[PDB]
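Alright, here's a single protein chain in two forms, structure 1 and structure 2, each given by itself as structure tokens.
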Structure 1
């Protein structure tokens, strides 16, 4: 039993899919990408069950059944098949073997990241690595498999009967964002803008005084100035500032008989401290930390396969494992015990990646390359909606969280995506305290819909704006 999705290219992929679509009667009435979804899932009954349930286990079971029901038949077949294809499995795993050096900042610190908040550089490196991986393996074959780079949706149209529920979700999301989150002279910023054009002689008499002068609180006005400039003009300024300083150093060297060597070397040295410091302020911002912690679902999923020692030849068993899990929902404890008992060597290796019991801070801070029991669903949407050993079993339906993002958002179908997110939230809320969870899956799902994701296989790192500012109408 090998991987039956023998596809090594887009053309190869299209033909495999046409057969399959015809064979299985896939529709796109309620989904962006063709799927098994013949009708919007009705999760109503799970609210009443939840409300009549007393113990924690009954409640987890009710919620887990709702989530599977929500997702069972709406997997985006084309993209899931592409993500699990023989070609992408080989390239996607091999990439880690060929690029080990570029991801070492987080990969070689995996053990620490199971415990501690990541450094911002570990977050940035992971995001850049995810885009590189996508580019290098040719992951993009359509808009559903692209890296997004437009802006968040200004408006989000939902049916009138869930407007207040969506607005309540956003209030809690903004409450969370604000908990997470909780003066530069305009003339100094303008000096920096002129300096970085290559006008290095300006460094001999800045308007604030000495070139090293710190404002409040003990930080060099040059650093805060450039950092403040970068927010409006972009990262290029740092590059341009370094070039300008190198230009100065050439000048002081050419005209060395007209200059005091020691103060000329100190000024060059000191400007470089200030340019480096300007990035440490720029980079170390909570807005960049929050964007930088967003998981790239497919990238992180392939990283976990790599770390677990999965091969193209054993991959179909990972796929099968995940497929069974979304077909018949069961407890987290039972999923975890199955990894510890499986004869497959990858079982225990995947298990050792879990950070559930080791991570010492609010989970929102966890590095996006760190596995948890709840992140098994990321792998499940990539490799588990279709069992690659017998793909037609996808018709039985295997439900993984992010298949929800394949549900349409348009008004012709009245946004079954949003209806379903809301109903999951209401169900979670009936049975448990929202505010006590570090992570509310349905809120993560809304956020992602609000940034404009219409597939689980999109990367939204370069989407600009604040999703949570959307006007719900």
Structure 2
């Protein structure tokens, strides 16, 4: 029908929300933003069910149901409402036509990206485009809708009762991150790590052999080493790869009193060429291209809306769809049935955008603008939580994964978020073989919590540091 959320400014929003809150009775006892969650979902039974389950369909069903119950009532109403507010809808959908050119890099390469791995510049273009999208329509209303440029947590506070269960998860995350990083030898990496910290002299006569020796890869090990160190420990190394270079150009060309200036003058080129190449390797490193694949929920959602040919008037039907989808666990099959059968013109188009089977490599690499059935949940949290045609229905509950981020992360409430994630993880573990999955949702949610996300609408790309290097206490 029609969008019952007329908002174009934060004040209007706040009025609408304050109005909505009293008539519905929202709470934030367990959540960072006001919601219907009045009790931490108890997912115990789904475990015993998963244990008792035999066939796979029932296991998937159980998991889906569990996840729904988890996310059913704990959606951040303010931000969710703002996200589907007439204003932001209008501006957000408009923005794509006014900027079709800037995004051609991945936009027009969509059908290719369904199957192929994206190139780094496409990821870059995407992220920048997302940040611009956020800036241009004045999306930021509070912290929960901000873009994080801050820092990953080094200490993650959890209840004792699950610590080992969390540490177990990380151990499986660490394991995975290490397969992305692989395999160039470790001693070389140590050479670099210890080199930059302040022991340059080794460079004259490296212990591995020769400065230019190549391995199975067709190039000097130095480059791969630097690339590796950079992959595992950020861009900063490339700055120290100019500070620590003072001794190179200095001791070789400048210091005419200590070292030669003929057969040594060319040594300056020798390593710096490898540093340059090391940057070139780091840019295209699996770690980075995986890192760049990190998805911006709301932007991708609105992009998919745009691609689906959704207008600010057909949008309520989409919202109603996502709501009804989140309301009660219902499979992909039924989802596709409902997608195709609807009178609405978007459903078929939106269906055509799916790329589940199309993809070949590890899903972690799939460009963040590629829709898949599983990724519908990305839209679900933006539009599905509150059906704009009749927002009062939101009290019924409509679960979508990332709403779990709305849960509190502090000891006062014993971190219901962590408990939930762990629970879902252990359910998945009881039901399936974790090792054999490309991506474990719960692990991802944990990783998102670990970089300090507290709402699904925050952009955590510009966050700095390695989240898996955190300590659980």
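Shifts are known only where both forms have a C-alpha. Numbering follows the first chain given and starts at 1. For clarity, a rigid core is taken as the largest C-alpha set superposing within 1.5 Å between two forms.
**Study point:** Candidates 344, 163, 147, 202 - which moves between structure 1 and structure 2, C-alpha at least 2 Å, core fixed
**Key:** The displaced C-alpha is that of 202.
Exercise for review: Using a superposition on the rigid core, decide whether the Cα position of residue 220 changes by 2 angstroms or more between structure 1 and structure 2.
Suggested key: Comparing forms between structure 1 and structure 2, the residue 220 CA shifts at least 2 Å.
**Study point:** Core-aligned C-alpha movement of residue 365 between structure 1 and structure 2 reaching 2 Å
**Key:** No, the C-alpha position differs by under 2 Å between structure 1 and structure 2.
Review point. Core-aligned, is the CA shift for residue 111 between structure 1 and structure 2 2 angstroms or more?
Key: The answer is no; the displacement is under 2 Å.
Check your understanding: Hey, core superposed, how many Å does residue 291 shift at the CA between structure 1 and structure 2?
Key -> After core superposition, the C-alpha of residue 291 moves 2.6 Å between structure 1 and structure 2.
**Study point:** Per-residue C-alpha deviation between structure 1 and structure 2 [residue 324; rigid core superposition; Å]
**Key:** For residue 324, the C-alpha ends up 0.4 Å from its position in the other form.
Check your understanding: After superposition on the rigid core, what is the displacement of the C-alpha atom of residue 334 between structure 1 and structure 2, in Å?
Key -> After core superposition, the C-alpha of residue 334 moves 1.1 Å between structure 1 and structure 2.
Review point. When the two are fit on their core, where are the runs of 3+ residues whose C-alphas each shift at least 2 angstroms between structure 1 and structure 2?
Key: The run that moves is 183 to 288, and no other.
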